[PDB]
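Only one structure is covered here, and it is reproduced in the block below.
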Ligand SMILES: CC(=O)N[C@H]1[C@@H](O)[C@H](O)[C@@H](CO)O[C@@H]1O
Ligand SMILES: CC(=O)N[C@H]1[C@@H](O)[C@H](O)[C@@H](CO)O[C@@H]1O
Ligand SMILES: CC(=O)N[C@H]1[C@@H](O)[C@H](O)[C@@H](CO)O[C@@H]1O
Ligand SMILES: [Ca+2]
Ligand SMILES: [Ca+2]
Ligand SMILES: [Ca+2]
Ligand SMILES: [Ca+2]
Ligand SMILES: [Ca+2]
Ligand SMILES: [Ca+2]
Ligand SMILES: [Ca+2]
Ligand SMILES: [Ca+2]
Ligand SMILES: [Ca+2]
């Protein structure tokens, strides 16, 4: 009877938290984030070379943007369009030239290369940028691109 | 009786979640948001024309800032003062000249017009900006103003 | 009886909230926050003189960064390094020259003064900045430094 009165209070608390949390997620994602499935992309809103970008994401407890499907790529592309700045992806062929891999070593399960890419231009393009059109180009890791992490 | 202790435990968990959420919400709003009642304003920190600004808020699951009381207006004014950039409100008289409405079509329930406003200057001011002094002015929708959404 | 079904239901809702929120904490703190123990530092990303910075933090429901241990200081240092801008701490000897205190009036429980500091250079350094190397220097409160609040 008193337990029932307290379960009712606890029900009220949980329902309030569900509503407040849903409101808060919207606020957080505006304007630098995108939710797609169970993944969230967030941009830092500035540019860094690959190594520095990579470390920013890992230290934040995530990793560089790693679009694994067309839906993930479109969500990422919204951030790129919004900032009007091409972004680094996480993937490189630093280990084996011509074989792009995730930071875990896993081979790519999805790609969205621009026509003729990857072309290892100048024999030194081992990182990947995503353009405002969502297409990918291999690019030198030392260039500065928009930092976008995934969580 | 063991159900009572299950309730005790779950309530401690919910109360810890309430505390963590409250902390993260304060962090979230600093420095680009303001809460007032159950409403949260958040600025994107850049300027856009009205149509673009409206779309950003709608796509984010909110709407352009729509202060409905002196308290809401003062909260919004804080962000405007902080960015030192006048902001668009959601309201327009596009449908019937001289009759400002919310996106839903409902007539205003609160206004804070600067003296002499609204005046439809040039015969073509159908949007509303809020100044750093918190007063409002009708302004051409094509002008660029600070994007502030409400959630 | 049906109270057990309700507690079971709440358990599932709480687990979902906990998991969802855990992800959002990482997203929210990227790139402008740092968690350390139960404290969170968050930078505004811009510079202000002391009084203005202090007001920003207090109005946001927090206070200026107040590292109370080496671990807290190191965490604050990560933001300072990231932004590459020295920041104000909360502490001053404005009341009694040579005695630095927190806003509450309590004497320091931790300090990381650069050698020879505090030196009240020019007879007028009553505020404290933290450098990118994590060391502290007393500095004129009128100077503009990175705004970092704690929550
Ligand atoms: C030969 C060629 O077509 N190079 C492309 C692209 O693949 C390179 O990554 C880029 C390097 O600036 O130049 C180019 O835009
Ligand atoms: C007649 C008048 O005072 N117009 C004001 C203001 O109301 C207008 O919106 C603005 C348009 O640029 O000019 C002005 O600053
Ligand atoms: C005399 C001296 O060593 N001054 C230091 C430092 O303590 C001062 O705060 C600073 C002020 O610009 O000059 C200096 O960098
Ligand atoms: Ca190579
Ligand atoms: Ca290559
Ligand atoms: Ca290429
Ligand atoms: Ca008109
Ligand atoms: Ca008009
Ligand atoms: Ca006008
Ligand atoms: Ca003094
Ligand atoms: Ca002094
Ligand atoms: Ca000094």
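Positions of Cβ are generated from backbone atoms using ideal geometry, with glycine treated the same way; all protein chains shown enter the neighbour counts. None of the figures in this text is laboratory data; all of them are computed from the coordinates on show.
Sort shortest first the distances from residue B:131 to its counterpart in every other copy, using label points 7 Å along the Cα-to-beta-carbon line, and give them in nm.
Shortest to longest, the spacings are 4.6, 4.7 nm.
Kindly state, to the nearest 0.05, the FRET efficiency for residue C:68 paired with residue B:97, given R0 = 60 Å and r defined as their beta-carbon distance.
Working: r = 60 Å, r/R0 = 1.01.
E(calc), rounded to 0.05, equals 0.50.
Which distances, shortest first and in nm, link residue C:61 to the matching position in the other copies, using label points set 7 Å out along Cα to C-beta?
From this label point to the equivalent ones elsewhere in the assembly: 1.9, 1.9 nm.
Using only atoms on other chains, find how many Cβ atoms lie within 10 Å of each Cβ of peptide C:13-26 and report the average.
6
Taking only Cα atoms and a 10 Å spring cutoff, compute GNM fluctuations for chain C and point out the largest among C:50, C:30, C:131.
Largest GNM mean-square fluctuation: C:30.
Using the 7 Å Cα-to-Cβ label point, sort the distances from residue A:95 to its equivalents in the other copies shortest first and give them in nm to one decimal.
5.9, 5.9
For a quick check: sort C:110, C:102 by the number of other beta carbons within 10 angstrom, fewest at the front.
Numbers: C:110 12, C:102 17.
Placing the least packed residue first, the sequence is C:110, C:102.
With a ≥ b ≥ c the root eigenvalues of the C-alpha gyration tensor of the protein assembly as shown, is it rounded (a/c under 1.5), prolate (a/b larger than b/c) or oblate? Intermediate results must be reported in sequence, preceding the final value.
Working: a/c = 1.10, a/b = 1.01, b/c = 1.09.
Note, shape of the protein assembly as shown comes out rounded.
Among the DSSP beta bridges whose two residues both lie in the protein assembly as shown, what percent are antiparallel, rounded to the nearest 5? Let's see the in-between values first.
Details: 60 of 66 bridges.
Counting only bridges with both partners in the protein assembly as shown, antiparallel ones make up about 90 percent.
Using a 7 Å offset from the Cα along the Cα-to-Cβ direction at both residue B:120 and residue B:59, what is the distance between the two label points in nm, to one decimal?
A separation of 3.2 nm, rounded to one decimal place.
Can you compute the modelled spin-label distance between residue A:3 and residue B:140, with each label point 7 Å from Cα toward Cβ, in nm?
7.1 nm
With both partners inside chain A, how many of the DSSP beta bridges are antiparallel, as a percent to the nearest 5? All intermediate terms of the calculation are to be shown ahead of the outcome.
Values: 21 of 23 bridges.
Of the beta bridges lying entirely in chain A, close to 90 percent run antiparallel.
Only counting other Cβ atoms within 10 Å, I'd like B:135, B:39 sorted with the fewest neighbours first.
Details: B:135 16, B:39 20.
Fewest to most other Cβ atoms nearby, the residues stand as B:135, B:39.
Listing A:40, B:130 from the residue with the fewest other Cβ atoms within 10 Å to the one with the most, what is the order?
So the ranking, lowest neighbour count to highest, is A:40, B:130.
Hey, with R₀ at 25 Å, roughly what FRET efficiency would residue A:46 and residue C:104 work out to, going by the Cβ-Cβ distance, to 0.05? If you can, show how the numbers build up before the last one.
On the way: r = 36 Å, r/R0 = 1.44.
After rounding to 0.05, the efficiency reads 0.10.
Choose one answer from A:19, A:86, A:44: the residue with the largest mean-square fluctuation in a GNM of chain A with alpha-carbon springs under 10 Å.
Among A:19, A:86, A:44, the largest GNM mean-square fluctuation belongs to A:19.
Under 1.5 on a/c is rounded, so check that first for region A:110-151, then, if it is not, pick prolate when a/b is larger than b/c and oblate when it is not; a ≥ b ≥ c are the square roots of the alpha carbon gyration tensor eigenvalues.
Values: a/c = 2.01, a/b = 1.21, b/c = 1.66.
Oblate, since a/c reaches 1.5 and b/c is not below a/b.
Rg/Rh for chain A to two decimals, with Rh computed the Kirkwood way over all alpha-carbon pairs.
Numbers: Rg = 19.6 Å, Rh = 16.8 Å.
Taking Rh as the inverse mean 1/r over Cα pairs, Rg/Rh reads 1.16.
Determine the shielding of peptide B:127-136 by partner chains: average, over its residues, the number of Cβ atoms on other chains within 10 angstrom of each Cβ. If you can, show how the numbers build up before the last one.
Numbers: counts 0, 0, 0, 0, 0, 0, 0, 0, 0, 0.
Going residue by residue through B:127-136 and averaging, the value is 0.
Gaussian network model of chain C, Cα springs within a sub-10 Å range: biggest mean-square fluctuation belongs to which of C:14, C:128, C:109?
C:14
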